[PDB]
**Q** 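Input: one structure, supplied below.
Residue numbers begin at 1 in each chain, while the letters A, B, ... track the order of the sequences.
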Amino acid sequence: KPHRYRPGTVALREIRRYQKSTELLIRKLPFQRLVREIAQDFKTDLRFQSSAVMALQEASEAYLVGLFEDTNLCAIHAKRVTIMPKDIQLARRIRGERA
Amino acid sequence: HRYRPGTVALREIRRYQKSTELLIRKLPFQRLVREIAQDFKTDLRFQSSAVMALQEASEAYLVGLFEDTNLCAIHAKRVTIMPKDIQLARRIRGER
Amino acid sequence: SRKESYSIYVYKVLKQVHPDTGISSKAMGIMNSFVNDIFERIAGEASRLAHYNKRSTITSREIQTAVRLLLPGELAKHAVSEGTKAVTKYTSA
Amino acid sequence: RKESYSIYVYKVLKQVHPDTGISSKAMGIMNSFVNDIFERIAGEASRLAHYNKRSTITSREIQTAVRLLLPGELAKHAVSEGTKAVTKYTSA
Amino acid sequence: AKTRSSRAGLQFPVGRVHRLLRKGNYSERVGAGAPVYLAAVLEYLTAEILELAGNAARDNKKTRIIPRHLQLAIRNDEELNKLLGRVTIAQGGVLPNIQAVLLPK
Amino acid sequence: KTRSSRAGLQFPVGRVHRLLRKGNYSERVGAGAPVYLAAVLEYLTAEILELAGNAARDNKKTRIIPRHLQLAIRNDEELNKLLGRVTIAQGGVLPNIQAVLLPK
Amino acid sequence: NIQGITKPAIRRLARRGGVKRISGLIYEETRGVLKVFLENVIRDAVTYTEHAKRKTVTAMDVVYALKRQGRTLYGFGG
Amino acid sequence: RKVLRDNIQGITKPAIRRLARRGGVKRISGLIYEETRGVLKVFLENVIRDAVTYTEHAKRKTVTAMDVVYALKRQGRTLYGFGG
DNA sequence: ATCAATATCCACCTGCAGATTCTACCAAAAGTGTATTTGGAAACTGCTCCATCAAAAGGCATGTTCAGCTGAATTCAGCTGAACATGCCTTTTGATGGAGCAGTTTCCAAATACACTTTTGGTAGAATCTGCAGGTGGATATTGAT
DNA sequence: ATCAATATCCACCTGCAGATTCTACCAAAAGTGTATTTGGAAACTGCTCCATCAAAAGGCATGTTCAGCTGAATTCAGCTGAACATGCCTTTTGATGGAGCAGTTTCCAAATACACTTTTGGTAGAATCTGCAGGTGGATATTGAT
Ligand SMILES: [Cl-]
Ligand SMILES: [Cl-]
Ligand SMILES: [Mn+2]
Ligand SMILES: [Mn+2]
Ligand SMILES: [Mn+2]
Ligand SMILES: [Mn+2]
Ligand SMILES: [Mn+2]
Ligand SMILES: [Mn+2]
Ligand SMILES: [Mn+2]
Ligand SMILES: [Mn+2]
């Protein structure tokens, strides 16, 4: 036509896709570097078992997905469809993660 | 003389945030507690400090819940708390 | 190096409820974490109970109260059933 | 008969504020507080020793427990006080 | 030689659970019935989860329970979901759930 | 000649030791553990009474009441985090009105 | 019994939580919330009562119930 | 090994988008990506700090899965599947 | 009210990585005997807690009035989604060197055990003395009329 | 904007009641001295498994364009919820008797710990079995431009 889906159709297509699957959604190597940089500032010369890095990525991705669910409810509560930083701060605040 | 809507409400917020007295009348609360306890175990007695502990906890819980409800109302560009505000707060807290 | 786990017992119970069904080792690891988690929650709650009541012994009575305190509703009723049944059957020699 | 920390909470209050007293209810609140933090540190100490297959809770477990439970500056000063008390106790 | 599990009618190991109660500093003494009761409850809750996850594995036309099936079984059951409300299942994903307000008008 | 004085403390080293032995925490308990633990308890108690003494004279009373303890806990960032899921009975709350609620 | 918890008293609680304006459906919603709270805590406290073979719910029973529920309370023996 | 810098930027915009999709989000404002990086970094600091404390207490130089599990549990973020 | 475009679903197919069964040793359950503890069962105390009582203040229920908040309607600048070219950098699979868990042995600084002595902390009255309940009168703020 | 009128904080008394503090006595717990055992640190070493690299390939991040439609701004009026007066009933306060029951003893019969000895279920590993991942089709919705 050239064919072109309308804004929102692919986003809903991706919600369905990623809610069916369980694969980690952050790239592995970059995340492992993030973990070692943060650990390196706490204690130098640390080593990691590889399952210790996977445990952190599994926990970090479940936290963020969960946070994004609550963020979405706060956006929809404000009569929006778009998540904004104020939504994350409201969710984090009601969870007791921030004063 | 007639104060405009909200002026007395703000005055009450300052009054009650300044104080620490229990804000629910004692005998209704005690009657409600005994009723609820009856649905789990019969001919129960209560220490009076047991009931005061429940009332202290129940009021601190509800006051805290009204703070999060209020933030959810402000977030929706309102000044009035509505049931959906309470419901959102309880959803994010994991109580639902 | 010899590492205990609950895997053979989980697998037996799996065969009971689904004779045709198996389990990936990752799912076994989730089941092992489950068993150990509920163990510590029940045992810990039973440890507190015995302590509040100035008792030096954790008995089936402490286990049962802990179970009531920890499991929601129907899950508690049924666990208490199985638990009471196993104890009476155990004591009957 | 019925132990509590009132006597020691009062001794610390005079050290920091000789002029000041404390009400019955506020004393009960400090007793709750001491018992709470005690069980938090002791339980954490308990799990540390178990995770590491040790049967003894030593001041080293107490310190790691304090590091895990207190948030930042509270942790630094608490670790200093405990370290001091163990030193002074050992010396004489 | 009769195992305490067979005496109690249980698949879970009463003797191991007893040792685990003793070595865990839970109390100075452990009654003979506590490991039996506890091992039965652990067996029961395990059977409860395996039943529901087996079913999910069959709805998905699969012969082998994977973590995903454990998640579906837990999060779709109100009481298991409450019990495991503060738990993460590695490789579990989430439940399919799109807020109505977001579906096309 | 008590262990408290030997460690230079007001809090009871001897009692903390007994409570550790009898609390089902571990088979054994080192000698310095009750000392170290007694010292942390005395420090956190001194910290709270420090600030709550202040809250009480900032209000013209000799006597610390629960309201003063609540004001001290909640106006201090680190004590508030430590006591984040704790209710001080008769403590009330911190005065606080959202900006958007105020007049004009 | 639950309507013993009156509208003026719910307003007072909301006030202490900084609320300025209150919708009319709030009071019944608040009573239901308070009822779930009291059910959950009292169920647990009474379990501590029955386990100790007692007919009297003690302050300590409530204290322990509130700790279990993540609602630690200071001032009542714990 | 080369020195590690700025690795929170390896948490890319498309990876955050994907996470938000699994969380049900349809539309994402432009400023969400750096908020998420800030939130994720706070999260990892708190857990890694606790994990390394367990490592150092055991006198090891190697963070183990168990260290991460005990740290997750303390933060109220219990994790199943890595109990070894 | 129909059709091109595109994504999504659904079968079948197979061999290989991942699960299941096999196997043989052995760590830790079970059996036995015996030394030690416990906690339910008896008869008690002396309380707190419940139950009427009963009169009375002040907190609540109610009806009136209208200020102003909420949400419905409308408009539109520009942010964010969709699509695409481009090419960087993650992923996968082995290699290998060695750091450092983890497994054993040795043996002692430090823990427990126990009998007895000293001192502390709980308690419950006597002897203070703080702060609550009222007054008031000025500070400060709100609301109407200009 | 300011002046006038009304209403509400809130700083400051006083004279008690009650709640703290102050004293003295005494069992129960902490300390002590002396003897004896033992967890776990230190040293030593086997051998996982972690860090690091290499290379090839293509899955995926990035940057750009373009405009659909979302959020933000604005107006407005219906009507909900705030303020307030008034009449009343539920809570508060008091007391007073009695009883339901904690809480406490002293207790043995039952139950539990613990050292030795023997039996076997459970684990590590190699041997075997096999779902299903990851391809390759078309069959079926599903979406969006006319
Ligand atoms: Cl038993
Ligand atoms: Cl020590
Ligand atoms: Mn660095
Ligand atoms: Mn004394
Ligand atoms: Mn007054
Ligand atoms: Mn040894
Ligand atoms: Mn819009
Ligand atoms: Mn109008
Ligand atoms: Mn065999
Ligand atoms: Mn497939």
**Q** Starting at the 5' end of DNA chain J and moving along, which residue's nearest nucleotide shows up first, G/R15 or C/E4?
**A**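 Closest to the 5' end, via its nearest nucleotide, is G/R15.
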**Q** Based on the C1'-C2'-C3'-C4' dihedral, does I/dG94 have a north or a south sugar?
**A**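 The I/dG94 sugar sits on the south side, the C2'-endo region.
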**Q** Look at F/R57 together with D/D19 and state whether they make a salt bridge at an N to O cut-off of under 4.0 Å.
**A**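 No, F/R57 and D/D19 are not salt-bridged.
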**Q** Ignoring backbone atoms, test whether E/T63 places a side-chain nitrogen or oxygen under 4.0 Å from the OP1 or OP2 oxygen of J/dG131.
**A**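 No, outside the criterion.
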**Q** Take D/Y89 and F/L9 through the test side chain to side chain contact (heavy atoms under 4.5 Å, CB included) and record every step on the way to the result.
**A** CA-CA 10 Å; D/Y89 170 89; F/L9 301 177; over 6 Å; no
**Q** With sugar-phosphate meaning primed atoms plus P, OP1 and OP2, does B/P28 contact a base, only sugar-phosphate, or nothing at under 4.0 Å between heavy atoms?
**A**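 Contact class for B/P28: sugar-phosphate only.
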**Q** Between F/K61 and I/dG131, does any side-chain N or O lie under 4.0 Å from OP1 or OP2?
**A**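 No, because none of the side-chain N or O atoms of F/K61 sits under 4.0 Å from OP1 or OP2 of I/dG131.
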**Q** Assess, by modelled atom type and distance only, whether the side chains of E/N25 and F/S26 contain a donor and an acceptor separated by less than 3.5 Å.
**A**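 No.
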**Q** Please determine whether any donor N or O and acceptor N or O are separated by less than 3.5 Å between the side chain of B/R2 and the base of J/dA83.
**A**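 A donor-acceptor contact between them is present.
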**Q** Below the 4.0 Å mark, does I/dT120 have OP1 or OP2 next to a side-chain nitrogen or oxygen of F/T2?
**A**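 F/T2 to I/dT120 OP1/OP2: no side-chain N or O under 4.0 Å.
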**Q** Once you apply the 3.5 Å cut-off to both distances, tell me the Watson-Crick or G-U wobble partner of J/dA85, or none.
**A**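 Its partner is I/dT62 (Watson-Crick or G-U wobble, both distances under 3.5 Å).
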**Q** Verify the contact: side-chain N or O of H/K59 to OP1 or OP2 of I/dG100, cut-off strictly under 4.0 Å; return yes or no.
**A**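 False: H/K59 side-chain N/O out of range (4.0 Å or more) of I/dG100 OP1/OP2.
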**Q** At less than 4.0 Å, is any side-chain N or O atom of F/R18 found next to OP1 or OP2 of J/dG31? Yes or no.
**A**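 Indeed not, no polar side-chain atom of F/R18 lies that close.
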**Q** I want to check something: taking the side chain as every heavy atom from C-beta on, are G/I5 and G/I10 in contact at a cut-off of under 4.5 Å?
**A**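 Result yes, sub-4.5 Å side-chain heavy-atom pair found.
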**Q** With a 4.5 Å cut-off on side-chain heavy atoms, are D/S24 and D/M27 touching?
**A**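 They are not in side-chain contact.
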**Q** Counting only side-chain nitrogens and oxygens, does E/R4 get under 4.0 Å of the OP1 or OP2 atom of I/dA30?
**A**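 Checking I/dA30 against E/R4, a side-chain N or O does come within under 4.0 Å of OP1 or OP2.
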**Q** So, is B/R78 near the phosphate of I/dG68, with a side-chain N or O under 4.0 Å from OP1 or OP2?
**A**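 The answer is no; no side-chain N or O of B/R78 sits under 4.0 Å from OP1 or OP2.
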**Q** Verify the contact: side-chain N or O of F/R6 to OP1 or OP2 of J/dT32, cut-off strictly under 4.0 Å; return yes or no.
**A**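 Indeed, a polar side-chain atom of F/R6 lies that close.
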**Q** Does G/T56 put a side-chain nitrogen or oxygen below 4.0 Å from OP1 or OP2 of J/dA102?
**A**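 For J/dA102, OP1/OP2 do have a side-chain N/O of G/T56 under 4.0 Å.
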**Q** So which nucleotide does I/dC129 pair with, by the Watson-Crick or G-U wobble rule with both distances under 3.5 Å?
**A**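 When the pairing criteria are applied, J/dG18 turns out to be the nucleotide that pairs with I/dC129.
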**Q** Using only heavy-atom distances, determine whether the side chains of F/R15 and D/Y5 contain a donor-acceptor pair under 3.5 Å.
**A**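 Not at all, the side chains of F/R15 and D/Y5 share no donor-acceptor pair under 3.5 Å.
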**Q** B/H1 has a side chain; which of J/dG31, J/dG40, I/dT143 sits nearest to it?
**A**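 In terms of side-chain proximity for B/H1, the closest of J/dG31, J/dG40, I/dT143 is I/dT143.
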**Q** Do any side-chain nitrogens or oxygens of D/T56 fall under 4.0 Å of OP1 or OP2 in J/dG40?
**A**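 Yes, within the criterion.
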**Q** Who is the Watson-Crick or G-U wobble partner of J/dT74, with both distances under 3.5 Å?
**A**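 Because both required distances fall under 3.5 Å, J/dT74 counts as paired with I/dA73.
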**Q** What contact category does B/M82 fall into here, base, sugar-phosphate, or nothing, at under 4.0 angstrom with non-hydrogen atoms?
**A**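 Here B/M82 touches the backbone only, sparing every base.
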**Q** Is the phosphate of J/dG122 approached by C/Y6 (side-chain N or O, under 4.0 Å from OP1 or OP2)?
**A**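 No, outside the criterion.
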**Q** So what does G/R12 hit on the nucleic acid, given a heavy-atom distance under 4.0 Å: a base, only sugar-phosphate, or nothing?
**A**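 Result for G/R12 = sugar-phosphate.
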**Q** Counting only Watson-Crick or G-U wobble pairs whose two distances fall under 3.5 Å, which nucleotide matches J/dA54?
**A**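 Result: I/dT93.
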**Q** When you look at CD of G/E50, are more than 12 heavy atoms from neighbouring residues, nucleotides or ligands closer to it than 6.0 Å?
**A**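 It does not: G/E50 CD has 12 such atoms or fewer within range.
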**Q** Near DNA chain J, under 4.0 Å by heavy atom, which residues of residues 20-28 of chain G?
**A**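 Within this stretch, G/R21, G/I22, G/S23, G/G24 sit under 4.0 Å of the strand.
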**Q** Output the rounded distance in Å from CZ (B/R25) to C1' (I/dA61).
**A**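 Those two atoms, CZ and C1', are 11 Å apart.
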**Q** Hey, does F/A31 reach any base, or is it just sugar-phosphate, or nothing, if we go heavy atoms under 4.0 Å?
**A**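 Answer is sugar-phosphate: F/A31 comes under 4.0 Å of backbone atoms only.
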**Q** With the threshold set at 4.0 Å, does a side-chain nitrogen-carboxylate oxygen contact exist between H/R18 and A/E14?
**A**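 Looking at H/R18 and A/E14, the cut-off is not met.
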**Q** Does J/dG68 have a Watson-Crick or wobble partner in any strand here, with both distances under 3.5 angstrom, and which is it?
**A**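 Check on J/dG68: paired to I/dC79, both distances under 3.5 Å.
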**Q** So, is D/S55 near the phosphate of J/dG40, with a side-chain N or O under 4.0 Å from OP1 or OP2?
**A**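 For J/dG40, OP1 or OP2 has a side-chain N or O of D/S55 closer than 4.0 Å.
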**Q** Would you call the sugar of J/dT92 north or south from its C1'-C2'-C3'-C4' torsion?
**A**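 South pucker for J/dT92; the sign of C1'-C2'-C3'-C4' is negative.
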**Q** Using a heavy-atom cut-off of under 4.0 Å over every strand shown, decide if C/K54 touches base, sugar-phosphate, or nothing.
**A**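 Touches nothing.
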**Q** Regarding A/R33, tell me which of base, sugar-phosphate or nothing describes its non-hydrogen contacts under 4.0 Å with the strands shown.
**A**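 Contact class for A/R33: sugar-phosphate only.
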**Q** Classify the side chain of C/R2 and the base of I/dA27 as holding, or not holding, a donor-acceptor pair under 3.5 Å.
**A**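 Between I/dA27 and C/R2, which were checked side chain against base, a qualifying N/O pair under 3.5 Å is absent.
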**Q** Which one is paired to I/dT36, where only Watson-Crick or G-U wobble pairs with both distances under 3.5 angstrom count?
**A**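 Paired with I/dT36, as far as the under-3.5 Å criterion goes, is J/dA111.
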**Q** Which one is paired to J/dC101, where only Watson-Crick or G-U wobble pairs with both distances under 3.5 angstrom count?
**A**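 J/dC101 is paired with I/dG46.
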